[PDB]
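Engineer: Structure file work00.cif, mmCIF, N, CA and C atoms, is pasted below:
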data_my_file
#
loop_
_atom_site.label_atom_id
_atom_site.label_comp_id
_atom_site.auth_asym_id
_atom_site.auth_seq_id
_atom_site.Cartn_x
_atom_site.Cartn_y
_atom_site.Cartn_z
N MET G 1 0.88 -1.17 0.00
CA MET G 1 0.00 0.00 0.00
C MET G 1 0.91 1.21 0.00
N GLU G 2 0.86 2.01 -1.06
CA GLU G 2 1.95 2.87 -1.49
C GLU G 2 1.44 4.30 -1.55
N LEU G 3 2.32 5.27 -1.27
CA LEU G 3 2.12 6.67 -1.50
C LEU G 3 1.93 6.96 -3.00
N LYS G 4 1.59 8.21 -3.35
CA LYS G 4 1.39 8.61 -4.73
C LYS G 4 2.69 8.39 -5.50
N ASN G 5 2.58 7.73 -6.65
CA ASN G 5 3.73 7.30 -7.44
C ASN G 5 4.39 8.46 -8.20
N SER G 6 3.79 9.65 -8.20
CA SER G 6 4.33 10.84 -8.84
C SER G 6 3.75 12.09 -8.21
N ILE G 7 4.40 13.23 -8.45
CA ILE G 7 3.82 14.54 -8.21
C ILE G 7 2.46 14.66 -8.90
N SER G 8 2.26 14.10 -10.09
CA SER G 8 1.02 14.22 -10.80
C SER G 8 0.01 13.14 -10.42
N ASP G 9 0.45 12.11 -9.69
CA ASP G 9 -0.44 11.24 -8.94
C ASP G 9 -0.89 11.96 -7.67
N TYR G 10 -0.06 12.83 -7.09
CA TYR G 10 -0.45 13.76 -6.05
C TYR G 10 -1.48 14.77 -6.61
N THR G 11 -2.11 15.47 -5.68
CA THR G 11 -2.83 16.71 -5.78
C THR G 11 -2.04 17.67 -4.91
N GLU G 12 -2.32 18.95 -5.11
CA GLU G 12 -1.65 20.02 -4.45
C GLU G 12 -1.84 19.99 -2.92
N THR G 13 -2.97 19.46 -2.44
CA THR G 13 -3.29 19.45 -1.02
C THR G 13 -2.93 18.10 -0.37
N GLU G 14 -2.92 16.98 -1.10
CA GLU G 14 -2.29 15.75 -0.61
C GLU G 14 -0.80 15.98 -0.43
N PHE G 15 -0.17 16.70 -1.37
CA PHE G 15 1.22 17.03 -1.18
C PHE G 15 1.36 17.93 0.03
N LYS G 16 0.45 18.88 0.29
CA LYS G 16 0.47 19.50 1.59
C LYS G 16 0.41 18.50 2.70
N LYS G 17 -0.47 17.49 2.74
CA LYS G 17 -0.51 16.63 3.90
C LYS G 17 0.87 16.04 4.17
N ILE G 18 1.70 15.75 3.17
CA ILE G 18 3.06 15.27 3.45
C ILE G 18 3.97 16.38 3.98
N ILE G 19 3.90 17.52 3.32
CA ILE G 19 4.72 18.70 3.58
C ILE G 19 4.36 19.39 4.92
N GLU G 20 3.10 19.34 5.32
CA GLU G 20 2.57 19.91 6.54
C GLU G 20 2.82 18.93 7.69
N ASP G 21 2.67 17.61 7.46
CA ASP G 21 3.01 16.51 8.37
C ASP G 21 4.39 16.73 8.97
N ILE G 22 5.39 16.93 8.11
CA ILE G 22 6.74 17.22 8.54
C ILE G 22 6.86 18.51 9.34
N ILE G 23 6.46 19.63 8.74
CA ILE G 23 6.65 20.96 9.33
C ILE G 23 5.98 21.08 10.71
N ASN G 24 4.79 20.50 10.93
CA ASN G 24 4.14 20.39 12.20
C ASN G 24 4.95 19.51 13.14
N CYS G 25 5.21 18.31 12.63
CA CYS G 25 5.93 17.16 13.18
C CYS G 25 4.92 16.09 13.62
N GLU G 26 4.07 15.65 12.70
CA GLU G 26 3.16 14.54 12.77
C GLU G 26 3.95 13.22 12.77
N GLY G 27 4.84 13.02 13.76
CA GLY G 27 5.91 12.06 13.58
C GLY G 27 6.65 11.60 14.83
N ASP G 28 7.79 10.97 14.53
CA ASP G 28 8.60 10.06 15.35
C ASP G 28 10.09 10.26 14.99
N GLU G 29 10.37 11.39 14.33
CA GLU G 29 11.50 11.79 13.48
C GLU G 29 11.44 10.95 12.21
N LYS G 30 11.19 9.66 12.38
CA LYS G 30 11.23 8.66 11.34
C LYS G 30 10.13 8.79 10.32
N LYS G 31 8.97 9.28 10.72
CA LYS G 31 7.87 9.68 9.89
C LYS G 31 8.27 10.86 8.99
N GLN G 32 9.13 11.73 9.49
CA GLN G 32 9.53 12.95 8.83
C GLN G 32 10.68 12.64 7.86
N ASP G 33 11.60 11.76 8.25
CA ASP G 33 12.56 11.09 7.35
C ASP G 33 11.86 10.35 6.22
N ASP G 34 10.75 9.69 6.55
CA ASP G 34 9.94 8.91 5.62
C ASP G 34 9.39 9.82 4.53
N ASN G 35 8.80 10.94 4.95
CA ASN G 35 8.47 12.02 4.04
C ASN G 35 9.71 12.44 3.26
N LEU G 36 10.86 12.63 3.90
CA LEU G 36 11.96 13.39 3.33
C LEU G 36 12.54 12.72 2.09
N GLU G 37 12.66 11.40 2.11
CA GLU G 37 12.89 10.60 0.90
C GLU G 37 11.79 10.88 -0.10
N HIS G 38 10.54 10.74 0.32
CA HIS G 38 9.42 10.84 -0.58
C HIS G 38 9.34 12.22 -1.27
N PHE G 39 9.63 13.29 -0.53
CA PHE G 39 9.79 14.68 -0.93
C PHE G 39 10.96 14.87 -1.91
N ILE G 40 11.96 13.99 -1.95
CA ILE G 40 12.80 13.90 -3.15
C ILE G 40 11.99 13.20 -4.23
N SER G 41 11.47 12.03 -3.88
CA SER G 41 11.07 10.99 -4.78
C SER G 41 10.00 11.42 -5.81
N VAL G 42 8.79 11.83 -5.39
CA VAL G 42 7.75 12.30 -6.26
C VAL G 42 8.17 13.56 -7.00
N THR G 43 8.91 14.43 -6.33
CA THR G 43 9.17 15.77 -6.75
C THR G 43 10.17 15.80 -7.89
N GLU G 44 11.16 14.91 -7.89
CA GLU G 44 12.36 14.99 -8.72
C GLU G 44 13.13 16.29 -8.43
N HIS G 45 12.69 17.12 -7.47
CA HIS G 45 13.25 18.43 -7.17
C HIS G 45 14.63 18.16 -6.55
N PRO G 46 15.74 18.44 -7.25
CA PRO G 46 17.07 17.93 -6.93
C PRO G 46 17.55 18.34 -5.55
N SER G 47 17.26 19.57 -5.15
CA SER G 47 17.61 20.11 -3.85
C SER G 47 16.88 19.41 -2.69
N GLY G 48 15.73 18.78 -2.95
CA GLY G 48 14.89 18.15 -1.94
C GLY G 48 14.70 19.05 -0.72
N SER G 49 15.11 18.49 0.41
CA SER G 49 15.07 19.01 1.76
C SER G 49 15.72 20.39 1.95
N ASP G 50 16.50 20.85 0.98
CA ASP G 50 17.03 22.21 0.89
C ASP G 50 15.91 23.25 1.00
N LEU G 51 14.74 22.99 0.40
CA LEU G 51 13.58 23.88 0.47
C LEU G 51 12.97 23.94 1.87
N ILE G 52 13.30 22.98 2.73
CA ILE G 52 12.74 22.80 4.06
C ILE G 52 13.74 23.34 5.10
N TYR G 53 15.05 23.26 4.83
CA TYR G 53 16.09 23.54 5.81
C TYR G 53 17.00 24.71 5.45
N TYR G 54 17.16 25.05 4.17
CA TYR G 54 18.02 26.12 3.68
C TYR G 54 17.22 26.99 2.68
N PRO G 55 16.07 27.55 3.09
CA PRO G 55 15.06 28.02 2.14
C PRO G 55 15.46 29.28 1.36
N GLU G 56 14.69 29.52 0.29
CA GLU G 56 14.66 30.74 -0.51
C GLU G 56 14.19 31.95 0.30
N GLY G 57 13.97 33.03 -0.43
CA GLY G 57 13.42 34.30 0.01
C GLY G 57 11.97 34.51 -0.43
N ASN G 58 11.52 33.71 -1.39
CA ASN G 58 10.11 33.43 -1.65
C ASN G 58 9.52 32.58 -0.51
N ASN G 59 10.37 32.02 0.34
CA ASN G 59 10.10 30.96 1.30
C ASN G 59 10.48 31.43 2.71
N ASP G 60 10.02 30.70 3.74
CA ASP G 60 10.05 30.93 5.20
C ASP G 60 8.62 30.90 5.72
N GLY G 61 7.77 31.71 5.09
CA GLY G 61 6.52 32.15 5.70
C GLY G 61 5.46 31.08 5.89
N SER G 62 5.50 29.97 5.13
CA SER G 62 4.49 28.96 5.16
C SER G 62 4.97 27.72 4.39
N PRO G 63 4.37 26.53 4.64
CA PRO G 63 4.61 25.31 3.85
C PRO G 63 4.18 25.47 2.39
N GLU G 64 3.33 26.46 2.13
CA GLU G 64 2.79 26.86 0.85
C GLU G 64 3.92 27.26 -0.08
N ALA G 65 4.90 27.97 0.46
CA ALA G 65 6.12 28.34 -0.24
C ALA G 65 6.91 27.11 -0.71
N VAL G 66 6.78 25.93 -0.10
CA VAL G 66 7.38 24.74 -0.71
C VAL G 66 6.48 24.26 -1.85
N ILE G 67 5.15 24.31 -1.72
CA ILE G 67 4.26 23.81 -2.78
C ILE G 67 4.43 24.64 -4.02
N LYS G 68 4.53 25.95 -3.80
CA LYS G 68 5.08 26.90 -4.73
C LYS G 68 6.30 26.32 -5.35
N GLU G 69 7.38 26.15 -4.61
CA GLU G 69 8.66 25.91 -5.18
C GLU G 69 8.71 24.56 -5.90
N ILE G 70 7.79 23.65 -5.58
CA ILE G 70 7.62 22.39 -6.24
C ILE G 70 6.97 22.73 -7.57
N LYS G 71 5.76 23.34 -7.55
CA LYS G 71 5.08 23.80 -8.77
C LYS G 71 6.06 24.56 -9.65
N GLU G 72 6.79 25.51 -9.08
CA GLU G 72 7.58 26.44 -9.82
C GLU G 72 8.79 25.73 -10.43
N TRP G 73 9.54 24.98 -9.63
CA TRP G 73 10.64 24.14 -10.11
C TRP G 73 10.16 23.22 -11.20
N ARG G 74 9.07 22.49 -10.98
CA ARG G 74 8.54 21.57 -11.96
C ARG G 74 8.26 22.33 -13.24
N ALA G 75 7.47 23.41 -13.20
CA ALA G 75 7.07 24.07 -14.41
C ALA G 75 8.25 24.71 -15.14
N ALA G 76 9.22 25.27 -14.40
CA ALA G 76 10.45 25.81 -14.97
C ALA G 76 11.20 24.70 -15.69
N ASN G 77 11.34 23.53 -15.05
CA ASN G 77 11.90 22.33 -15.65
C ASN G 77 10.97 21.66 -16.68
N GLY G 78 9.83 22.25 -17.03
CA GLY G 78 8.90 21.73 -18.03
C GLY G 78 8.19 20.44 -17.59
N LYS G 79 8.12 20.16 -16.29
CA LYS G 79 7.53 18.98 -15.72
C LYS G 79 6.10 19.32 -15.31
N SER G 80 5.23 18.32 -15.25
CA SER G 80 3.90 18.48 -14.68
C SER G 80 4.01 18.75 -13.18
N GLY G 81 3.13 19.60 -12.64
CA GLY G 81 2.84 19.69 -11.22
C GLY G 81 1.89 18.57 -10.83
N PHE G 82 1.26 18.73 -9.67
CA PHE G 82 0.17 17.90 -9.22
C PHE G 82 -1.06 18.11 -10.09
N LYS G 83 -2.13 17.46 -9.65
CA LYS G 83 -3.43 17.39 -10.27
C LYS G 83 -3.94 18.73 -10.78
N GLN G 84 -4.62 18.66 -11.92
CA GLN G 84 -5.54 19.52 -12.51
C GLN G 84 -6.82 18.69 -12.37
N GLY G 85 -7.80 19.31 -11.75
CA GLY G 85 -9.20 18.94 -11.87
C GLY G 85 -9.69 19.23 -13.28
#
Mind converting the file's structure to structure tokens?
Structural biologist:
Amino acid sequence: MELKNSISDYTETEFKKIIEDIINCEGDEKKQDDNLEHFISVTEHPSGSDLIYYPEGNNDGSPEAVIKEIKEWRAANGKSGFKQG
């Protein structure tokens, strides 16, 4: 029983549940590590955890700024984001 196999198998708010899970700390450290691989994995975003620990200036203010930077990185790299309804 597996997490979303891609960013585009994700939706923007399911990706929040992973991204918010960590930032809150819905976890055991290990739950947050579990995300942290996955936050590389679906995203293909090369910096991964850099967006969480060494953030931009578009970033700091909310977990939204990572969903941004996922959307933004993906679209800049010509990749699909999460779901379109």
Engineer: I would like the residues chosen by the PyMOL selection byres (((chain G and resi 58-63 and name CA) around 8) and name CA) on the shown file; could you give them as a ChimeraX atom specification?
Structural biologist: /G:16,19-20,23,51,55-57,64-67
Engineer: I'd like the interatomic distance between atom C of residue G:21 and atom CA of residue G:34, to a tenth of an Å.
Structural biologist: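 Computed distance, atom C of residue G:21 to atom CA of residue G:34, equals 10.2 Å.
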Engineer: May I ask which of the residues G:6, G:80, G:24, G:68 is the closest one to residue G:39, counting only C-alpha atoms?
Structural biologist: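 Residue with the minimum atom-to-atom distance to residue G:39: G:6.
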Engineer: Which residues, named as in the file, does the PyMOL selection byres ((chain G and resi 83) around 7) pick out? Answer as a list in words.
Structural biologist: residues 7, 8, 9, 10, 11, 12, 81, 82, 84 and 85 of chain G
Engineer: List, as a PyMOL selection string, every residue that the PyMOL selection byres ((chain G and resi 43) around 8) selects in the file provided.
Structural biologist: chain G and resi 5-8+37-42+44-46+48+70+74
Engineer: As an exercise, work out the distance from atom CA of residue G:54 to atom CA of residue G:27 in Å and give it to one decimal place.
Structural biologist: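 Those two atoms sit 21.0 Å apart.
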Engineer: Return as number ranges by chain the full set of residues in chain G whose backbone-based DSSP assignment is helix (DSSP H, G or I).
Structural biologist: G: 12-24, 30-41, 50-53, 64-76
Engineer: Quick one: pull the distance between atom C of residue G:69 and atom N of residue G:47, Å, one decimal.
Structural biologist: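 If I compute the distance from atom C of residue G:69 to atom N of residue G:47, I get 9.9 Å.
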Engineer: Report, as JSON, the axis-aligned box around all atoms of stretch 42-61 of chain G present in the file, extended by 6 Å on each side; give centre and edge lengths in Å to one decimal place.
Structural biologist:
{"center_x": 11.7, "center_y": 23.2, "center_z": -1.4, "size_x": 24.6, "size_y": 34.7, "size_z": 26.6}
Engineer: Kindly output stretch 61-75 of chain G as an mmCIF file, in the frame of the given file, after building N, CA, C and O atoms.
Structural biologist:
data_model
loop_
_atom_site.group_PDB
_atom_site.id
_atom_site.type_symbol
_atom_site.label_atom_id
_atom_site.label_comp_id
_atom_site.auth_asym_id
_atom_site.auth_seq_id
_atom_site.Cartn_x
_atom_site.Cartn_y
_atom_site.Cartn_z
ATOM 1 N N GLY G 61 7.770 31.710 5.090
ATOM 2 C CA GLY G 61 6.520 32.150 5.700
ATOM 3 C C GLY G 61 5.460 31.080 5.890
ATOM 4 O O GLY G 61 4.524 31.278 6.664
ATOM 5 N N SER G 62 5.500 29.970 5.130
ATOM 6 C CA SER G 62 4.490 28.960 5.160
ATOM 7 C C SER G 62 4.970 27.720 4.390
ATOM 8 O O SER G 62 5.744 27.864 3.450
ATOM 9 N N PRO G 63 4.370 26.530 4.640
ATOM 10 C CA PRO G 63 4.610 25.310 3.850
ATOM 11 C C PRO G 63 4.180 25.470 2.390
ATOM 12 O O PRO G 63 4.622 24.748 1.495
ATOM 13 N N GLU G 64 3.330 26.460 2.130
ATOM 14 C CA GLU G 64 2.790 26.860 0.850
ATOM 15 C C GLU G 64 3.920 27.260 -0.080
ATOM 16 O O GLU G 64 3.902 26.904 -1.256
ATOM 17 N N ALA G 65 4.900 27.970 0.460
ATOM 18 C CA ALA G 65 6.120 28.340 -0.240
ATOM 19 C C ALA G 65 6.910 27.110 -0.710
ATOM 20 O O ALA G 65 7.607 27.231 -1.713
ATOM 21 N N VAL G 66 6.780 25.930 -0.100
ATOM 22 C CA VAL G 66 7.380 24.740 -0.710
ATOM 23 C C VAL G 66 6.480 24.260 -1.850
ATOM 24 O O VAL G 66 6.987 23.843 -2.885
ATOM 25 N N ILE G 67 5.150 24.310 -1.720
ATOM 26 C CA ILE G 67 4.260 23.810 -2.780
ATOM 27 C C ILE G 67 4.430 24.640 -4.020
ATOM 28 O O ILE G 67 4.493 24.099 -5.114
ATOM 29 N N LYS G 68 4.530 25.950 -3.800
ATOM 30 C CA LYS G 68 5.080 26.900 -4.730
ATOM 31 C C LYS G 68 6.300 26.320 -5.350
ATOM 32 O O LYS G 68 6.226 25.991 -6.508
ATOM 33 N N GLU G 69 7.380 26.150 -4.610
ATOM 34 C CA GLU G 69 8.660 25.910 -5.180
ATOM 35 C C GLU G 69 8.710 24.560 -5.900
ATOM 36 O O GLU G 69 9.515 24.369 -6.800
ATOM 37 N N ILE G 70 7.790 23.650 -5.580
ATOM 38 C CA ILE G 70 7.620 22.390 -6.240
ATOM 39 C C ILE G 70 6.970 22.730 -7.570
ATOM 40 O O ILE G 70 7.547 22.447 -8.610
ATOM 41 N N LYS G 71 5.760 23.340 -7.550
ATOM 42 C CA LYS G 71 5.080 23.800 -8.770
ATOM 43 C C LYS G 71 6.060 24.560 -9.650
ATOM 44 O O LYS G 71 6.118 24.277 -10.848
ATOM 45 N N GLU G 72 6.790 25.510 -9.080
ATOM 46 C CA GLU G 72 7.580 26.440 -9.820
ATOM 47 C C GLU G 72 8.790 25.730 -10.430
ATOM 48 O O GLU G 72 9.000 25.830 -11.638
ATOM 49 N N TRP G 73 9.540 24.980 -9.630
ATOM 50 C CA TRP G 73 10.640 24.140 -10.110
ATOM 51 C C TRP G 73 10.160 23.220 -11.200
ATOM 52 O O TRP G 73 10.796 23.173 -12.256
ATOM 53 N N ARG G 74 9.070 22.490 -10.980
ATOM 54 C CA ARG G 74 8.540 21.570 -11.960
ATOM 55 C C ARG G 74 8.260 22.330 -13.240
ATOM 56 O O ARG G 74 8.776 21.922 -14.267
ATOM 57 N N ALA G 75 7.470 23.410 -13.200
ATOM 58 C CA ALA G 75 7.070 24.070 -14.410
ATOM 59 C C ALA G 75 8.250 24.710 -15.140
ATOM 60 O O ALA G 75 8.291 24.666 -16.364
#
